[PDB]
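Q: Below is upload13.txt; it holds compact mmCIF, C-alpha atoms.
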```txt
# COMPACT_ATOMS: atom_id res chain seq x y z
CA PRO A 57 -6.23 11.12 4.96
CA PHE A 58 -7.92 7.87 3.96
CA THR A 59 -6.00 5.32 1.93
CA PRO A 60 -6.10 6.30 -1.77
CA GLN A 61 -8.00 4.20 -4.30
CA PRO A 62 -6.25 4.50 -7.69
CA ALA A 63 -8.30 4.13 -10.83
CA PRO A 64 -8.29 0.60 -12.30
CA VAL A 65 -5.77 0.04 -15.06
CA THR A 66 -6.90 0.26 -18.67
CA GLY A 67 -7.51 -2.94 -20.61
CA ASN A 68 -4.16 -3.23 -22.39
CA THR A 69 -1.54 -4.92 -20.19
CA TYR A 70 1.62 -7.00 -20.46
CA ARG A 71 -0.11 -9.99 -18.85
CA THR A 72 -1.34 -11.46 -22.14
CA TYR A 73 2.15 -11.33 -23.67
CA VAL A 74 3.77 -13.06 -20.70
CA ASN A 75 1.07 -15.73 -20.37
CA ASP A 76 1.26 -16.59 -24.08
CA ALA A 77 5.06 -16.74 -24.13
CA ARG A 78 5.40 -18.89 -21.01
CA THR A 79 2.71 -21.21 -22.37
CA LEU A 80 4.77 -21.38 -25.56
CA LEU A 81 7.85 -22.20 -23.45
CA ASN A 82 6.08 -25.44 -22.41
CA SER A 83 3.80 -28.13 -23.86
CA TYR A 84 6.03 -28.70 -26.93
CA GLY A 85 4.32 -27.98 -30.26
CA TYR A 86 5.24 -27.20 -33.86
CA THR A 87 6.48 -23.76 -34.88
CA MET A 88 5.57 -22.02 -38.13
CA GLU A 89 8.79 -22.26 -40.16
CA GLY A 90 10.37 -25.22 -38.36
CA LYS A 91 9.78 -28.76 -37.08
CA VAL A 92 9.08 -29.02 -33.34
CA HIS A 93 9.13 -27.00 -30.12
CA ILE A 94 10.98 -27.89 -26.92
CA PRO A 95 9.67 -26.83 -23.49
CA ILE A 96 11.85 -24.69 -21.27
CA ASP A 97 13.58 -26.35 -18.30
CA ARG A 98 14.10 -29.26 -20.74
CA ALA A 99 16.26 -27.68 -23.44
CA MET A 100 18.50 -26.52 -20.59
CA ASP A 101 19.10 -30.19 -19.74
CA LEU A 102 20.05 -30.76 -23.39
CA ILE A 103 22.50 -27.83 -23.22
CA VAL A 104 24.33 -29.20 -20.17
CA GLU A 105 24.34 -32.63 -21.85
CA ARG A 106 25.82 -31.63 -25.22
CA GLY A 107 27.82 -28.77 -23.71
CA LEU A 108 29.33 -25.57 -25.10
CA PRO A 109 32.88 -24.87 -26.33
CA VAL A 110 35.15 -23.72 -23.51
CA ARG A 111 38.48 -21.86 -23.66
CA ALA B 2 -26.68 33.45 49.79
CA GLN B 3 -24.26 36.07 51.08
CA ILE B 4 -22.21 36.79 47.95
CA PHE B 5 -23.38 34.11 45.52
CA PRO B 6 -26.49 33.55 43.39
CA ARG B 7 -28.68 30.49 43.83
CA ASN B 8 -27.54 28.71 40.65
CA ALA B 9 -23.84 28.73 41.64
CA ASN B 10 -24.13 25.47 43.59
CA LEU B 11 -25.01 23.67 40.35
CA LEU B 12 -22.52 25.66 38.26
CA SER B 13 -19.59 24.94 40.60
CA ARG B 14 -20.14 21.18 40.46
CA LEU B 15 -20.73 21.38 36.71
CA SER B 16 -17.55 23.46 36.31
CA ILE B 17 -15.47 20.81 38.09
CA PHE B 18 -17.03 18.20 35.80
CA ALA B 19 -16.36 20.35 32.73
CA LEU B 20 -12.77 20.88 33.89
CA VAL B 21 -12.14 17.13 34.08
CA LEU B 22 -13.60 16.64 30.59
CA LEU B 23 -11.44 19.43 29.18
CA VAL B 24 -8.34 17.89 30.76
CA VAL B 25 -9.14 14.46 29.29
CA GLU B 26 -9.86 16.09 25.92
CA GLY B 27 -6.45 17.77 26.06
CA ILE B 28 -4.52 14.51 26.42
CA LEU B 29 -6.73 13.03 23.69
CA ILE B 30 -5.91 15.82 21.22
CA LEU B 31 -2.20 15.44 22.01
CA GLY B 32 -2.13 11.71 21.28
CA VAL B 33 -4.23 12.05 18.13
CA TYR B 34 -1.78 14.59 16.70
CA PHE B 35 1.32 12.44 17.27
CA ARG B 36 -0.37 9.44 15.60
CA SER B 37 -2.18 11.19 12.73
CA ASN B 38 -1.57 10.57 9.03
CA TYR B 39 -0.56 14.21 8.54
CA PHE B 40 2.14 14.20 11.23
CA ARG B 41 3.56 10.86 10.05
CA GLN B 42 2.83 11.62 6.36
CA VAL B 43 0.84 8.40 5.92
CA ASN B 44 -1.38 7.87 2.85
CA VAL B 45 -0.03 11.15 1.43
CA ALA B 46 1.00 10.98 -2.23
CA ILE B 47 4.27 12.91 -2.24
CA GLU B 48 4.75 14.74 -5.54
CA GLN B 49 7.90 13.73 -7.46
CA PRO B 50 9.91 16.03 -9.76
CA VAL B 51 9.53 13.75 -12.81
CA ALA B 52 6.05 12.33 -12.04
CA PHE B 53 6.92 8.64 -12.18
CA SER B 54 3.99 6.19 -12.21
CA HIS B 55 4.69 2.75 -10.76
```
What is this file in structure tokens?
A:
Amino acid sequence: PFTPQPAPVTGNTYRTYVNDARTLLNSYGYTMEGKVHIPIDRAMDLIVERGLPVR
Amino acid sequence: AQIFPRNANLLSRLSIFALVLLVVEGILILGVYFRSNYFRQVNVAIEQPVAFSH
């Protein structure tokens, strides 16, 4: 029983969605209806700086 | 030459040789079975009740 060789996946995959979104989550930019983008791992620093209401 | 044909001298030695080969082949078959992909169910696609595709 040789190791199976599954057929290659069809063209449509999730990879293009994830690559586009993570690229959007960096490198700033200007959105369509708004003013400016903020990269991820940087807006989180703004959140801990300004803080959220507690209790 | 009393109770045996002429060829038996060759056959007897060949038989001993064949016996040793058969013995070695026996141990070989035994080890191959206990390490095969059918005995250990290796590279066998087990059918699932719902046919889930990872």
Q: Would you give me, as a ChimeraX atom specification, the residues of chain B that come within 9 Å of chain A, using all atoms listed in the file?
A: /B:37-39,43-46
Q: Kindly give the distance, in Å, that separates atom CA of residue A:74 and atom CA of residue A:101, rounded to a single decimal.
A: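 Computing the Euclidean distance for atom CA of residue A:74 and atom CA of residue A:101 yields 23.0 Å.
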Q: Just how far from atom CA of residue A:96 is atom CA of residue A:81, in Å to one decimal?
A: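 We find that atom CA of residue A:81 and atom CA of residue A:96 lie 5.2 Å from each other.
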Q: What is the distance, in Å and to one decimal place, between atom CA of residue A:100 and atom CA of residue A:83?
A: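 Separation of atom CA of residue A:100 and atom CA of residue A:83: 15.1 Å.
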